[PDB]
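A.B. asks: Starting off with a structure, shown below.
Cβ placement follows ideal geometry from the backbone for every residue including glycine, while neighbour counts extend to all protein chains displayed. The values are calculated or read from the model by the stated rules, or taken from the named source; nothing here is a laboratory result.
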Amino acid sequence: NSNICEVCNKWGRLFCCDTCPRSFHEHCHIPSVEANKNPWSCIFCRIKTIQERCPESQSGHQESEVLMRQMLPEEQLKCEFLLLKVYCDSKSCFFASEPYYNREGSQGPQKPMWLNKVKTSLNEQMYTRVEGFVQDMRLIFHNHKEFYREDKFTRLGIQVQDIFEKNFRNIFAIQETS
Ligand SMILES: [Zn+2]
Ligand SMILES: [Zn+2]
Ligand SMILES: [Zn+2]
């Protein structure tokens with residue numbers, strides 16, 4: 001196995017996947033690493049199995065159809081993995097925990113949102129459709145853009161949203177367009 005956490009790139013108390021070389025901190029994996037289960041397969045492995053069992057799941061889809069899907073187990077898993085893909089970027093630190101807002105010339109968002117809140121909402125099965133999860137995720141970046149206005153710090157929201165959007169298109173096999 002790997003000697004660092006796949007998500008945060010630090011050593012520590014690591015749980016090792018049995019079907020690939022990745023390792024994880026307990027709460028870096030999503031879902032949190034399962035208590036028993038020998039062997040244990042990580043989320044990357046579980047996502048790969050879905051594709052292999054239904055090759056046609058990789059043909060192009062329309063975003064509007066994807067968002068209306070019910071959060072059955074496979075969609076739940078895909079949203080977990082997309083969330084994990086954002087935490088994999090170090091710039092996710094800025095959007096992880098509950099923000100606060102006191103900047104001259106700006107007002108905080110009406111509906112604050114952050115990664116750990118989305119993590120909890122997945123864990124607690126609070127989303128009934130993919131649209132719920134994607135809306136909260138895009139809301140994180142949109143709040144940041146509006147609040148920071150012309151400060152160059154706005155760019156951090158563009159950068160992390162780009163990671164989200166590329167991974168969304170990959171994981172849910174969105175039809176490629178020009
Ligand atoms: Zn970690
Ligand atoms: Zn694995
Ligand atoms: Zn099939």
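A.B. asks: If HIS27 satisfies every condition in (1) touching a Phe, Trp or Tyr at 6+ places or on another chain (Cβ under 7 Å); (2) away from ligand 3 (no atom under 16 Å from the Cβ) but one, which is the exception?
C.D. replies: Result: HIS27 passes all but (1).
A.B. asks: Look through region 166-178, keep the residues that are crowded, with 16+ Cβ neighbours inside 10 Å and in a helix (DSSP H, G or I), and return whichever of them is farthest from the chain's Cα centre (by Cα).
C.D. replies: Across region 166-178, the extreme among qualifying residues is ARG169.
A.B. asks: Something else now. Please enumerate the residues belonging to region 115-130 that are crowded, with 16+ Cβ neighbours inside 10 Å, assigned to a helix (DSSP H, G or I) and touching a residue at least 40 places away in the same chain (Cβ under 8 Å).
C.D. replies: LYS119, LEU122, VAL130 - these are the residues of region 115-130 that are crowded, with 16+ Cβ neighbours inside 10 Å, assigned to a helix (DSSP H, G or I) and touching a residue at least 40 places away in the same chain (Cβ under 8 Å).
A.B. asks: Can you tell me which residue among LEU139, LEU156 is part of a helix (DSSP H, G or I) and touching a helix residue (DSSP H, G or I) at 6+ places or on another chain (Cβ under 6 Å)?
C.D. replies: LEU156
A.B. asks: Go through region 71-98 residue by residue and tally those that are in contact with a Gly (Cβ under 8 Å, 6 or more places away or on another chain) and surrounded by fewer than 20 Cβ atoms within 10 Å (Cβ to Cβ).
C.D. replies: 0
A.B. asks: Continuing with the same structure: Name the residue, out of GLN76, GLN58, that is touching a residue at least 24 places away in the same chain (Cβ under 8 Å) and within 16 Å of ligand 3 (Cβ to nearest atom).
C.D. replies: Working: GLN76 fails: within 16 Å of ligand 3 (Cβ to nearest atom).
Selected residue: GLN58, the only one of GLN76, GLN58 that is touching a residue at least 24 places away in the same chain (Cβ under 8 Å) and within 16 Å of ligand 3 (Cβ to nearest atom).
A.B. asks: Can you name every residue in region 131-155 that is buried (at least 18 other Cβ atoms within 10 Å of the Cβ) and more than 27 Å from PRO73 (Cβ to Cβ)?
C.D. replies: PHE141, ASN143, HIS144, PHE147
A.B. asks: Search region 153-169 for residues that are assigned by CATH to the domain that holds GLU80 and pair each with any residue that is small (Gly, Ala, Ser) and in a helix (DSSP H, G or I) when their beta-carbon atoms are under 7 Å apart and the residues are at least 6 apart or on different chains.
C.D. replies: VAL160/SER92
A.B. asks: Where in region 5-93 are the helices (runs of 4 or more DSSP H), entirely inside, with at least 3 residues that are basic (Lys, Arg) and either closer than 27 Å to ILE174 by Cβ or away from ligand 2 (no atom under 16 Å from the Cβ) (or both)? Give the steps one after another, and end with the answer.
C.D. replies: Numbers: elements: 43-53, 63-68, 73-87.
Filter on region 5-93 gives 43-53.
A.B. asks: Continuing with the same structure: For region 17-30, give me each residue that is within 14 Å of ligand 1 (Cβ to nearest atom) and in contact (Cβ under 8 Å) with a residue 24 or more places away in the chain.
C.D. replies: Of everything in region 17-30, those that are within 14 Å of ligand 1 (Cβ to nearest atom) and in contact (Cβ under 8 Å) with a residue 24 or more places away in the chain turn out to be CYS17, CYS28, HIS29, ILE30.
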